[PDB]
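See below for the structure under consideration.
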């Protein structure tokens, strides 16, 4: 628990510093994709309307 | 993300329905006009057989993340399937230690009967010689 | 890039040859066994008819706080919460839509009868000016 | 029965239905919205028929009345 | 079983909680069986040094008996 | 049209209550606990080995999956345009 979790916290905080930035980067992209998928349907719906 | 024919980032991806692989429309179109075939598997393919990449339909998706329920379930497989191999490292190493312990305790049990006889014989030789 | 059933980002996408649409293999395999036809186009489709499309192991990195503990407890719990509360909310969205459609049609009819009633009214009033 | 590996297999099998249910529920959701949209548009379109018709009918009255 | 689903959450929690200890208990036992094996190897090689001195006391006795 | 899964899922959503998970590992207490200790050790090992793979594994993939999400996004907005162009044409036609 001491040896491993100290390594884990070091591995985590080293990853977190590099990857919390890349998480934020990823999250935004995901959100954008989701939004787009939402506009896609309204345009398909309106296409089939018109 | 890539086109398999050129190696560029395709600006109009169209997926074929004979060898499942994302090709760039302008590149694959010329490949079909050369000969009606799929470049990878060399199976027959026409331009109408090729299909552009699309939004699914009406169900909204979200990007592939650690939260997502299916990605979280495939994660717990990795956890257990790795821990199952961790058990083999200790089951296999236990079968060597107990096998060396079995031969060690047998050599101990075969030897200590000879220590008991020499402690008898060397003291019996001292009991015999000192009396004379 | 997504699946056309669940709204996933598929790990092993497979395309059907009757209707060019990418589904995640597990979800399309389940539909064919339930009723052997394509979900979107309602065309005849079997498990052998499907064509797998290379994905080269879709990127899903394992979080920094990844252990057997959160993966068993916190992550797996959230996944069956998110499956449960979505499909229940999705079942709520179906019925509403149906009702809406019905009432829309109902309202629409009433206006048609007004127009038909006023189409006889107007032209005969204009005709009377001509006479 | 109370082991472990098949519990995850069972968790997959029940989710497999969850996805199949959400699909058929969404199809009818959007397919009904097309009827809703086409109706509301055509309703207010057919509504403008009346606005036009009413004012012409009205013009026929004062015309004939004053004549 | 028909089993309530909120309970199946706590089962999977308990089963991972159990397997974590069933993996732990099997590793500390491997370390102590190897540790107690190493204590036997010291006694094994220490005993065969003690036999060499006991053979000398027998060899010294066989010389004195001859005289 | 699902098995037992649908009964507990619909009941969980209707009642508005999520099934309780293992609230045990985090708290614990010093001075049964020989097992709980050995479970902790193994857990930590797994995390640390896993964490180490994840940083390096994560570092390698920390951005390789982000690139995939940009290829996925741009495809949706191309369809937004294709739909935009058809409908506009239709409207123009009607107007004319």
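A few remarks follow.
- Chain F shape via C-alpha gyration tensor axes, a/c threshold 1.5: oblate
- Acute angle (nearest 10 degrees) that the helix A:2-49 long axis makes with the longest principal axis of chain A, alpha-carbon atoms: 0 degrees
- A helix-only calculation puts chain B at -20500 deg cm²/dmol for mean residue ellipticity at 222 nm, using -39500 (n - 2.57) for each DSSP H run of at least four residues, averaged over all residues.
- Theoretical FRET efficiency, 1/(1+(r/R0)^6), r = Cβ-Cβ of residue B:106 and residue A:3, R0 41 Å, to 0.05: 0.65
- Principal-axis tilt of helix E:5-66 within chain E, Cα atoms, nearest 10 degrees: 0 degrees
- Among D:8-14, A:33-39, sorting by the average number of other beta carbon atoms lying within 10 angstrom of each residue, highest first, gives A:33-39, D:8-14.
- Calculation over all alpha carbon pairs of the range D:1-49 in 5 angstrom steps from 0 returns a P(r) of 5, 16, 13, 10, 10, 9, 8, 7, 6, 5, 4, 3, 2, 1, 0 percent.
- Mean residue ellipticity, 222 nm, helices only, chain F: the sum of -39500 (n - 2.57) across DSSP H runs of n ≥ 4, divided by residue count and rounded to 500, is -26500 deg cm²/dmol.
- With a 10 Å cut-off around each Cβ of A:22-28, the average count of Cβ atoms from other chains is 6.
- With a simple spin-label model that places each label point 7 Å from the Cα along the Cα-to-Cβ direction, the separation between residue F:36 and residue B:12 comes to 6.6 nm.
- Residue D:51/residue A:35 FRET efficiency (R0 41 Å; Cβ-Cβ; nearest 0.05): 0.60
- Per-pair calculated FRET efficiency, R0 = 60 Å: residue D:4 and residue B:127 via Cβ, rounded to 0.05: 0.30
- Taking every residue in C:98-108 and counting other chain Cβ atoms within 10 Å of its Cβ, the average works out to 5.
- Structure remark: mean-square fluctuation, Gaussian network model of chain C, C-alpha springs under 10 Å; the largest value among C:120, C:74, C:30 belongs to C:120.
- Burial ranking of peptide ranges F:19-31, B:16-28, C:95-107 (average Cβ count within 10 Å, highest at the top): B:16-28, C:95-107, F:19-31
- Relative contact order (%) - chain C, alpha-carbon pairs under 8 angstrom, separation at least six: 16 percent
- Averaged over B:21-27, number of beta-carbon atoms from partner chains that fall within 10 Å: 1
- Cα-Cα separations in the protein assembly as shown greater than 41 Å, expressed as whole percent: 48 percent
Please note: Cβ atoms are built from the backbone with ideal geometry, for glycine as well, and neighbour counts cover all protein chains shown. Values in this text are rule-based calculations from the coordinates and carry no lab data.
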